[PDB]
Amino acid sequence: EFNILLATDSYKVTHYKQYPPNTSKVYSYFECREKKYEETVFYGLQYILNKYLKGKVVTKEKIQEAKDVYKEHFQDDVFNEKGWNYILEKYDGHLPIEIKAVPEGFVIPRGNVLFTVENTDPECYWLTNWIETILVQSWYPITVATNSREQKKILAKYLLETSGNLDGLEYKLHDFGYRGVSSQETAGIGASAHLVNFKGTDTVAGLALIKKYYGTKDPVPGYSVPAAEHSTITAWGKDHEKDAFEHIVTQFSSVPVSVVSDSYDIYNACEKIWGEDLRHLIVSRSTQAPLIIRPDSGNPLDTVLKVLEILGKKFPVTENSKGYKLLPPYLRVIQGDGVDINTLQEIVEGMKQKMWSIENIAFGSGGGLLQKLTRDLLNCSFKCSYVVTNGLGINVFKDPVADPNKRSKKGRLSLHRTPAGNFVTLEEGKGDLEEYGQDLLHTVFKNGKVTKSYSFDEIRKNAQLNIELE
């Protein structure tokens, strides 16, 4: 079972002995520090508050366990047993911490305070940064949600340009990342973050996470369709690819079905198998049940363009009202290999140049969407900005000589709307001067309880694109 006393960076176990004597308050904050990604989607803190921080998180057993582990880990007795015992005895193991945060789903420019953390009992001055490690992992859902939204911006731009509307946008980027992430827990968190922006996912783990921690009016937040993988095509044998295709599209004759078509020769599969031998089984399909052809190898752009040219010559193509080519409604393509924010851009631009509507194509992304991201991408960072020692408040910060980008904010922080309606973070307690109206941060956690929460429906609304709002 999870033990918050064993869920911190080792060195933090020794920090209670390093702060100035008579420190009664440590106040810290999280930002995506300014340094391609000008704004960030704030998402994921609510998961962490509920799963890890709320309620009785300290017990006699957990304290003894941590004591025993750290004794060996440090080869010395440095663990603050008395400190954790105080929390157990005084607060029935509930953390005397207050956390204020921007609403989940909010889209906020870089370099703004997103959440703050401080102890509510002077004895627990050390607790604020103990939980840095747990809270900082919010970088991951933030970064997934943000990068996923940036890809939605690209898709919206090109879909609107080539078709004149945004129909189906929320299904244009499917999550294929389940196998390509580092753990089951990561799969659920990352998939949930993608679902802030889109509705298509194969990472089933995200559904239960959203249901438990956020909630939606709909039964599920995300959807999928039947689809083949290489094993279900190749199992039929090298000479029986056509047989596999026929079996699969006949089994799934009245729902959409994706079929990976590159097992041996994608171009042959498209031109001869789909385009000639099985063509009669494709042109009979409903608009609600298209065949989705899935290439999965080769240069992503070149392959998509060639697949489209092949299909364009075997199937009846129309020209939509914007002048772009459109496959018949029973036939679509999905590119789910080598897709990341950069290649996504390359492919839609290349399609546009060849006069193919973005209506024709959908994308899937795996490692690119959920794994190939780090804390450095948005410079997600947690720092102390204010302490009280001997009853006097001190504005504190770091400001390394060789890297001005790592300079942290000073003092008590608040988030405000500017006269032009933008965000500003006030430092040094200046929010108190009341020149900038009310603090936009909300208290979300206080003394062991979650004090404010958001449904996944609210989060999605907050995270909408301006082009969707317009």
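In case it trips you up, residue 1 is the first one in the sequence shown, and so on.
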- Task: Could you tell me whether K54 lacks coordinates in at least a third of the other compared entries whose models cover its neighbours on both sides?
- Result: no
- Message: Tell me whether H416 is absent from the model in at least one third of the other entries compared, counting only those where the residues either side are present.
- Response: no
- Query: How many residues that are in the deposited sequence but not in the model lie between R407 and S408: none, 1 to 3, 4 to 9, or 10 or more?
  - Reply: none
- Note on the structure: Stretch with higher mean Cα temperature factor, 66-74 vs 431-439, is 431-439
- Query: Looking at the entry, does 17-25 or 454-462 show the higher mean C-alpha B-factor?
  - Reply: 17-25
- Of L370, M351, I273, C124, which one's C-alpha B factor is largest in the deposited record? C124
- Peak C-alpha temperature factor (PDB record), options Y52, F30, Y43, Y37: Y37
- Task: Grab the CA temperature factor for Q137 from the record and place it in the lowest, middle or highest third of its chain.
- Result: lowest
- Query: Where does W356 sit by CA temperature factor within its chain: lowest, middle or highest third?
  - Reply: lowest
- Binned into thirds over the chain's modelled residues, the C-alpha B-factor of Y91 lands in the highest
- Query: Split the chain's modelled residues into thirds by Cα B-factor; is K306 in the lowest, middle or highest one?
  - Reply: middle
- Record-listed C-alpha B factor of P103: chain third: middle
